[PDB]
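Before any questions on binding or motion, here is one chain by itself as structure tokens, the form deposited in one PDB entry.
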């Protein structure tokens, strides 16, 4: 059932596992994410970026998730606004029925970030909705994180410890500041969020290139860094790129191998399966499998 984001992440926080936060932009992605959670007996964070919401319509985004929740009413599900850019955007998500909203003001100075975050928190908490904020761009200041969390009363925090959104994360070898993660965790004692957490698994890379795609030397967060992140206190692991590559790899493959194929189901049933499997493996990696 559809629940406050903090309901899910407080449990992950206390028990020391990570919950994948999986972006979707249409029915096929959403269906595959839900089937993965059902098969791995794992809670789900479902997130939609502002762009995904513009594409679907916020009414469709919420509506499709509510249908999927009724289909799998035993799975805890949070519906999360990913990288909300304005108070008004977070407010619209709250009104539409999102159960978690992220406000990204990390590009502002501390005082302005804190002020905007606090305003979102007041609004969202009055409506029973949980709030994520971000600190750091470059890396988080743990004492700043400590005061930020206490002052804003935000539910979870994304501290910058060395990740970038999308492919092409690291200018070489993957590096994450785990001692800084541990300090943030110690001082804030709340669920923490990792952005830019796609790993680009080798099998997903191989299916994408074998289908003719070009990943342009992208580097994901290695699996061991994700596991060490969770050990350091990460409880929400934002995952988008991995899903998109796996999905479009299969779409490209169908197009290549049958130039007369125009039944959408023939493109998107294998795409769903590939996406579903990435999610299932990620739920096992992060420790959310069998936590229902």
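Basically, rigid core = biggest C-alpha set you can superpose within 1.5 Å across the two forms. Only residues modelled in both forms are compared. Positions refer to the first chain, counted from 1.
The next section is about a form of this same protein that is not shown, the form deposited in another entry.
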From 195, 169, 205, 185, residue displaced between the shown form and the other one - CA threshold 2 Å or more, rigid core: 169
Compare the CA separation of residue 161 and residue 166 in that other deposited form with the one in the displayed structure, and answer closer or farther (the difference is at least 3 Å). closer
Knowing the Cα distance between residue 167 and residue 85 changes 3 Å or more in that other deposited form, does it shrink or grow relative to here? closer
What stretches, three or more residues long, have all their C-alphas moved by 2 Å or more between the shown form and the other one when the rigid core is held in place? 164-174
